[PDB]
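Read through the structure below, which is laid out as structure tokens, and then see the notes.
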Amino acid sequence: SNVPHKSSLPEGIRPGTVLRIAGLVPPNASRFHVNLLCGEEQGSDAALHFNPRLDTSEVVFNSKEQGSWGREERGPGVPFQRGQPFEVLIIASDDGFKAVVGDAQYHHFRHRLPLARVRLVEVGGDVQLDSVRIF
Amino acid sequence: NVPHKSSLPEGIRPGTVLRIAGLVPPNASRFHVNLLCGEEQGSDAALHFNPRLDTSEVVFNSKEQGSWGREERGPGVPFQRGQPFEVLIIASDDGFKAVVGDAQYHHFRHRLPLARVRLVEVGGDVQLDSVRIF
């Protein structure tokens, strides 16, 4: 199932970076996450926390800075389903992160931390990961 | 087979993603994807992505004022006759990242300004499934 899955980004990511995450949402999944982290330590700051919640039918976006979570943003409905595969694109621009789900633009999350702080991508939770690619 | 045209109303910026899904015909010679700066014939091409299956090469190039540039070539041909493909053209601040399949294939540094791009054009021997701008 390959979780928790970590992808190190020693030189960071620039505007024009695409994170492609594919996987299956297992039959009794509660929630999973894709984190863009500043370091490898526990509780590391997070430029992006992408959190589909199957049990509450929401998709939460947040950030973590100086150990404190920001204010949650929510996307429109849950474009994931228990027992169904998915494809997510997280696209970094100069202005924020574009979340694409199932070939449809889903939500835009404005930068709160500098994009230059990102050093790691972490995928975890109730997800059976197909692949994580970083272009 | 008139080329497919898709206008870019707000141009493209670092973070624009062009997903081109399609199928190569069994008798295909070559097809191309152009990022053009105007809707006139002979407009500047900020990016000319040209896979060539008749000679087994993939050529990158630019064009301004009707004059081309120096060709760049990628490793082999990640395209086969009769086989489908998915291409990502990702604009960064440094250039265009071309992705074929699940791997970055080439990095074409910006020869022309990114803000001058206004039209995507797909032509040649190719069956076009979908053109998406993200």
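Ligands are numbered from 1 in the order shown, chains are lettered A, B, ... in the order of the structure tokens, and residues start at 1 in each chain.
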Could you produce a table of the residues of range 69-96 of chain A lying within 8 Å of range 105-116 of chain A, with the nearest pair of atoms per residue and their separation in Å rounded to one decimal, using only C-alpha atoms, ordered by chain and increasing residue number, as JSON lines?
{"residue": "A:73", "atom": "CA", "partner": "A:109", "partner_atom": "CA", "distance": 7.9}
{"residue": "A:75", "atom": "CA", "partner": "A:107", "partner_atom": "CA", "distance": 5.8}
{"residue": "A:76", "atom": "CA", "partner": "A:106", "partner_atom": "CA", "distance": 7.3}
{"residue": "A:95", "atom": "CA", "partner": "A:110", "partner_atom": "CA", "distance": 5.9}
{"residue": "A:96", "atom": "CA", "partner": "A:110", "partner_atom": "CA", "distance": 4.1}
For the residues in that selection, give me N, CA, C and O atoms as a PDB file, in the first residue's frame.
ATOM      1  N   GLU A  73      -9.298  25.793   4.639  1.00  0.00           N
ATOM      2  CA  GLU A  73     -10.123  25.999   3.459  1.00  0.00           C
ATOM      3  C   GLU A  73     -10.757  24.671   3.071  1.00  0.00           C
ATOM      4  O   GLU A  73     -10.202  23.604   3.341  1.00  0.00           O
ATOM      5  N   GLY A  75     -12.801  22.558  -0.193  1.00  0.00           N
ATOM      6  CA  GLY A  75     -13.217  22.472  -1.576  1.00  0.00           C
ATOM      7  C   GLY A  75     -14.684  22.124  -1.705  1.00  0.00           C
ATOM      8  O   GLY A  75     -15.380  21.805  -0.729  1.00  0.00           O
ATOM      9  N   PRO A  76     -15.187  22.185  -2.942  1.00  0.00           N
ATOM     10  CA  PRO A  76     -16.618  21.930  -3.175  1.00  0.00           C
ATOM     11  C   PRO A  76     -16.978  20.452  -3.242  1.00  0.00           C
ATOM     12  O   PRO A  76     -16.855  19.825  -4.299  1.00  0.00           O
ATOM     13  N   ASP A  95       1.418  31.857  -7.573  1.00  0.00           N
ATOM     14  CA  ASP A  95       0.344  32.366  -6.730  1.00  0.00           C
ATOM     15  C   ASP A  95      -0.199  31.352  -5.733  1.00  0.00           C
ATOM     16  O   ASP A  95      -0.702  31.755  -4.683  1.00  0.00           O
ATOM     17  N   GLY A  96      -0.113  30.057  -6.023  1.00  0.00           N
ATOM     18  CA  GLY A  96      -0.626  29.057  -5.102  1.00  0.00           C
ATOM     19  C   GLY A  96      -0.555  27.659  -5.687  1.00  0.00           C
ATOM     20  O   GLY A  96       0.245  27.384  -6.582  1.00  0.00           O
TER      21      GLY A  96
END
Subject >> Distance query range 33-37 of chain B at most 6 Å, only C-alpha atoms, self and fewer than 6 positions along chain excluded, as a PyMOL selection string >> reply: chain B and resi 44-49+116-122
I need the contact residues of chain A against chain B, so if you could list those with any atom within 10 Å, counting only C-alpha atoms, and return them as a PDB file with N, CA, C and O atoms, in the first residue's frame, that would help.
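Done, and the output landed in result-v1.pdb:
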ATOM      1  N   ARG A  14       9.723  24.685  -8.008  1.00  0.00           N
ATOM      2  CA  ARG A  14       9.561  25.998  -8.611  1.00  0.00           C
ATOM      3  C   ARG A  14       8.125  26.202  -9.069  1.00  0.00           C
ATOM      4  O   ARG A  14       7.356  25.243  -9.182  1.00  0.00           O
ATOM      5  N   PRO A  15       7.723  27.444  -9.340  1.00  0.00           N
ATOM      6  CA  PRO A  15       6.477  27.657 -10.085  1.00  0.00           C
ATOM      7  C   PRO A  15       6.531  26.912 -11.408  1.00  0.00           C
ATOM      8  O   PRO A  15       7.498  27.020 -12.163  1.00  0.00           O
ATOM      9  N   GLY A  16       5.493  26.132 -11.674  1.00  0.00           N
ATOM     10  CA  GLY A  16       5.512  25.192 -12.767  1.00  0.00           C
ATOM     11  C   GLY A  16       5.914  23.789 -12.375  1.00  0.00           C
ATOM     12  O   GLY A  16       6.575  23.110 -13.166  1.00  0.00           O
ATOM     13  N   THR A  17       5.560  23.344 -11.174  1.00  0.00           N
ATOM     14  CA  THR A  17       5.798  21.980 -10.727  1.00  0.00           C
ATOM     15  C   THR A  17       4.461  21.266 -10.600  1.00  0.00           C
ATOM     16  O   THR A  17       3.501  21.827 -10.062  1.00  0.00           O
ATOM     17  N   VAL A  18       4.398  20.040 -11.109  1.00  0.00           N
ATOM     18  CA  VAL A  18       3.185  19.231 -11.086  1.00  0.00           C
ATOM     19  C   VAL A  18       3.437  18.009 -10.215  1.00  0.00           C
ATOM     20  O   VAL A  18       4.376  17.240 -10.461  1.00  0.00           O
ATOM     21  N   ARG A  20       1.709  14.587  -9.313  1.00  0.00           N
ATOM     22  CA  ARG A  20       0.673  13.657  -9.737  1.00  0.00           C
ATOM     23  C   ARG A  20       0.610  12.513  -8.735  1.00  0.00           C
ATOM     24  O   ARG A  20       1.599  11.800  -8.535  1.00  0.00           O
ATOM     25  N   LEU A  89      -3.807  16.015  -9.411  1.00  0.00           N
ATOM     26  CA  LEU A  89      -2.694  16.880  -9.769  1.00  0.00           C
ATOM     27  C   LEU A  89      -2.652  18.050  -8.798  1.00  0.00           C
ATOM     28  O   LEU A  89      -3.657  18.741  -8.605  1.00  0.00           O
ATOM     29  N   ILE A  91      -0.615  21.436  -8.660  1.00  0.00           N
ATOM     30  CA  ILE A  91       0.178  22.251  -9.575  1.00  0.00           C
ATOM     31  C   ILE A  91       0.592  23.524  -8.853  1.00  0.00           C
ATOM     32  O   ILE A  91      -0.264  24.304  -8.415  1.00  0.00           O
ATOM     33  N   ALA A  92       1.900  23.741  -8.740  1.00  0.00           N
ATOM     34  CA  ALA A  92       2.431  24.935  -8.104  1.00  0.00           C
ATOM     35  C   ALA A  92       2.597  26.038  -9.141  1.00  0.00           C
ATOM     36  O   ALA A  92       3.173  25.814 -10.213  1.00  0.00           O
ATOM     37  N   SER A  93       2.081  27.215  -8.827  1.00  0.00           N
ATOM     38  CA  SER A  93       2.296  28.419  -9.614  1.00  0.00           C
ATOM     39  C   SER A  93       2.982  29.458  -8.735  1.00  0.00           C
ATOM     40  O   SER A  93       3.333  29.195  -7.583  1.00  0.00           O
ATOM     41  N   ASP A  94       3.175  30.656  -9.289  1.00  0.00           N
ATOM     42  CA  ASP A  94       3.688  31.755  -8.482  1.00  0.00           C
ATOM     43  C   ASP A  94       2.699  32.188  -7.409  1.00  0.00           C
ATOM     44  O   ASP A  94       3.107  32.814  -6.426  1.00  0.00           O
ATOM     45  N   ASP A  95       1.418  31.857  -7.573  1.00  0.00           N
ATOM     46  CA  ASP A  95       0.344  32.366  -6.730  1.00  0.00           C
ATOM     47  C   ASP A  95      -0.199  31.352  -5.733  1.00  0.00           C
ATOM     48  O   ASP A  95      -0.702  31.755  -4.683  1.00  0.00           O
ATOM     49  N   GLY A  96      -0.113  30.057  -6.023  1.00  0.00           N
ATOM     50  CA  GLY A  96      -0.626  29.057  -5.102  1.00  0.00           C
ATOM     51  C   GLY A  96      -0.555  27.659  -5.687  1.00  0.00           C
ATOM     52  O   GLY A  96       0.245  27.384  -6.582  1.00  0.00           O
ATOM     53  N   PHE A  97      -1.398  26.781  -5.149  1.00  0.00           N
ATOM     54  CA  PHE A  97      -1.492  25.397  -5.591  1.00  0.00           C
ATOM     55  C   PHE A  97      -2.865  25.154  -6.195  1.00  0.00           C
ATOM     56  O   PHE A  97      -3.886  25.449  -5.565  1.00  0.00           O
ATOM     57  N   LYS A  98      -2.887  24.632  -7.417  1.00  0.00           N
ATOM     58  CA  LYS A  98      -4.121  24.223  -8.069  1.00  0.00           C
ATOM     59  C   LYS A  98      -4.311  22.728  -7.853  1.00  0.00           C
ATOM     60  O   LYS A  98      -3.426  21.932  -8.187  1.00  0.00           O
ATOM     61  N   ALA A  99      -5.451  22.352  -7.283  1.00  0.00           N
ATOM     62  CA  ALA A  99      -5.811  20.956  -7.095  1.00  0.00           C
ATOM     63  C   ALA A  99      -6.710  20.530  -8.248  1.00  0.00           C
ATOM     64  O   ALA A  99      -7.777  21.115  -8.458  1.00  0.00           O
ATOM     65  N   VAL A 100      -6.266  19.531  -9.005  1.00  0.00           N
ATOM     66  CA  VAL A 100      -7.037  18.948 -10.096  1.00  0.00           C
ATOM     67  C   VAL A 100      -7.384  17.519  -9.709  1.00  0.00           C
ATOM     68  O   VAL A 100      -6.504  16.749  -9.306  1.00  0.00           O
ATOM     69  N   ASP A 103      -9.472  15.050 -13.896  1.00  0.00           N
ATOM     70  CA  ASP A 103      -9.407  15.896 -15.090  1.00  0.00           C
ATOM     71  C   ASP A 103     -10.251  17.164 -14.971  1.00  0.00           C
ATOM     72  O   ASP A 103     -10.566  17.798 -15.984  1.00  0.00           O
ATOM     73  N   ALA A 104     -10.622  17.563 -13.759  1.00  0.00           N
ATOM     74  CA  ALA A 104     -11.395  18.779 -13.545  1.00  0.00           C
ATOM     75  C   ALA A 104     -10.736  19.612 -12.456  1.00  0.00           C
ATOM     76  O   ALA A 104     -10.382  19.083 -11.397  1.00  0.00           O
ATOM     77  N   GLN A 105     -10.564  20.908 -12.723  1.00  0.00           N
ATOM     78  CA  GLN A 105     -10.075  21.824 -11.700  1.00  0.00           C
ATOM     79  C   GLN A 105     -11.004  21.795 -10.495  1.00  0.00           C
ATOM     80  O   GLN A 105     -12.228  21.894 -10.634  1.00  0.00           O
ATOM     81  N   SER A 131       0.992   5.642  -7.654  1.00  0.00           N
ATOM     82  CA  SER A 131       2.269   6.291  -7.915  1.00  0.00           C
ATOM     83  C   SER A 131       2.234   7.740  -7.451  1.00  0.00           C
ATOM     84  O   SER A 131       1.176   8.374  -7.396  1.00  0.00           O
ATOM     85  N   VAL A 132       3.413   8.252  -7.119  1.00  0.00           N
ATOM     86  CA  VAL A 132       3.632   9.670  -6.867  1.00  0.00           C
ATOM     87  C   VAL A 132       4.743  10.130  -7.801  1.00  0.00           C
ATOM     88  O   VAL A 132       5.867   9.619  -7.731  1.00  0.00           O
ATOM     89  N   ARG A 133       4.426  11.080  -8.674  1.00  0.00           N
ATOM     90  CA  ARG A 133       5.379  11.631  -9.626  1.00  0.00           C
ATOM     91  C   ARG A 133       5.442  13.141  -9.453  1.00  0.00           C
ATOM     92  O   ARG A 133       4.422  13.792  -9.201  1.00  0.00           O
ATOM     93  N   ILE A 134       6.643  13.694  -9.597  1.00  0.00           N
ATOM     94  CA  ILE A 134       6.885  15.118  -9.407  1.00  0.00           C
ATOM     95  C   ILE A 134       7.584  15.639 -10.655  1.00  0.00           C
ATOM     96  O   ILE A 134       8.739  15.283 -10.920  1.00  0.00           O
ATOM     97  N   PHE A 135       6.886  16.467 -11.424  1.00  0.00           N
ATOM     98  CA  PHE A 135       7.455  17.019 -12.645  1.00  0.00           C
ATOM     99  C   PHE A 135       7.773  18.501 -12.479  1.00  0.00           C
ATOM    100  O   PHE A 135       6.935  19.285 -12.037  1.00  0.00           O
TER     101      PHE A 135
END
Original post:
Which residues come within 9 Å of residue 23 in chain A, counting only C-alpha atoms, excluding same-chain residues fewer than 5 positions away, as a ChimeraX atom specification?
Top reply: /A:84-88,127-132
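Reported to one decimal place, the separation of CA of residue 9 in chain A from CA of residue 43 in chain A is 17.7 Å.
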**OP:** For each of B:59, B:68, B:78, B:115, take the minimum atom-to-atom distance to residue 9 in chain B, counting only C-alpha atoms, then give the residue where this is smallest.
**Re:** B:115
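When only C-alpha atoms are used to measure the gap to residue 130 in chain B, the shortest distance among B:108, B:3, B:12, B:20 belongs to B:20.
Contact shell of residue 63 in chain A at 9 Å (only C-alpha atoms; same-chain neighbours under 2 positions omitted): residues 45, 46, 47, 48, 49, 50, 61, 65, 68, 69, 70, 71, 72, 112 and 113 of chain A.
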For N, CA and C atoms, I'd like the residues from the last selection saved as a PDB file, in the first residue's frame.
ATOM      1  N   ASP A  45       6.653  22.135   9.577  1.00  0.00           N
ATOM      2  CA  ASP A  45       5.797  23.106   8.912  1.00  0.00           C
ATOM      3  C   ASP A  45       5.357  22.579   7.552  1.00  0.00           C
ATOM      4  N   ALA A  46       4.176  23.016   7.122  1.00  0.00           N
ATOM      5  CA  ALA A  46       3.527  22.480   5.933  1.00  0.00           C
ATOM      6  C   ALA A  46       3.041  23.629   5.065  1.00  0.00           C
ATOM      7  N   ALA A  47       3.610  23.749   3.865  1.00  0.00           N
ATOM      8  CA  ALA A  47       3.106  24.728   2.910  1.00  0.00           C
ATOM      9  C   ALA A  47       1.732  24.333   2.390  1.00  0.00           C
ATOM     10  N   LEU A  48       1.429  23.036   2.376  1.00  0.00           N
ATOM     11  CA  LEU A  48       0.115  22.568   1.958  1.00  0.00           C
ATOM     12  C   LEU A  48      -0.217  21.270   2.675  1.00  0.00           C
ATOM     13  N   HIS A  49      -1.440  21.194   3.188  1.00  0.00           N
ATOM     14  CA  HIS A  49      -2.012  19.979   3.753  1.00  0.00           C
ATOM     15  C   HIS A  49      -3.302  19.712   2.988  1.00  0.00           C
ATOM     16  N   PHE A  50      -3.293  18.678   2.150  1.00  0.00           N
ATOM     17  CA  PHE A  50      -4.426  18.315   1.302  1.00  0.00           C
ATOM     18  C   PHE A  50      -5.045  17.052   1.886  1.00  0.00           C
ATOM     19  N   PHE A  61      -8.121  21.895   3.006  1.00  0.00           N
ATOM     20  CA  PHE A  61      -6.814  22.452   2.684  1.00  0.00           C
ATOM     21  C   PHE A  61      -6.353  23.279   3.874  1.00  0.00           C
ATOM     22  N   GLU A  65       2.494  26.475  10.208  1.00  0.00           N
ATOM     23  CA  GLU A  65       3.647  27.358  10.306  1.00  0.00           C
ATOM     24  C   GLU A  65       3.941  27.643  11.770  1.00  0.00           C
ATOM     25  N   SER A  68       1.762  25.833  14.291  1.00  0.00           N
ATOM     26  CA  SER A  68       0.355  26.182  14.424  1.00  0.00           C
ATOM     27  C   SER A  68      -0.341  26.045  13.079  1.00  0.00           C
ATOM     28  N   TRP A  69      -1.484  25.366  13.076  1.00  0.00           N
ATOM     29  CA  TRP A  69      -2.260  25.222  11.853  1.00  0.00           C
ATOM     30  C   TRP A  69      -2.948  26.533  11.505  1.00  0.00           C
ATOM     31  N   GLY A  70      -3.014  26.832  10.218  1.00  0.00           N
ATOM     32  CA  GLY A  70      -3.732  27.991   9.734  1.00  0.00           C
ATOM     33  C   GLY A  70      -5.228  27.765   9.784  1.00  0.00           C
ATOM     34  N   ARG A  71      -5.944  28.604   9.053  1.00  0.00           N
ATOM     35  CA  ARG A  71      -7.386  28.464   8.916  1.00  0.00           C
ATOM     36  C   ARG A  71      -7.688  27.512   7.766  1.00  0.00           C
ATOM     37  N   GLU A  72      -8.562  26.541   8.018  1.00  0.00           N
ATOM     38  CA  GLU A  72      -8.881  25.553   7.002  1.00  0.00           C
ATOM     39  C   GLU A  72      -9.658  26.186   5.855  1.00  0.00           C
ATOM     40  N   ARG A 112       0.707  30.412   1.403  1.00  0.00           N
ATOM     41  CA  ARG A 112       0.840  31.015   2.721  1.00  0.00           C
ATOM     42  C   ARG A 112       2.276  31.021   3.213  1.00  0.00           C
ATOM     43  N   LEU A 113       3.030  29.958   2.930  1.00  0.00           N
ATOM     44  CA  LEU A 113       4.471  29.858   3.072  1.00  0.00           C
ATOM     45  C   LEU A 113       5.138  30.059   1.720  1.00  0.00           C
TER      46      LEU A 113
END
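CA of residue 51 in chain A is found 19.0 Å from CA of residue 119 in chain A.
Within 10 Å of residue 30 in chain B, once only C-alpha atoms are used and residues closer than 6 positions along the same chain are dropped, the contacting residues are residues 24, 50, 51, 52, 53, 54, 55, 56, 57, 58, 81, 123, 124, 125 and 126 of chain B.
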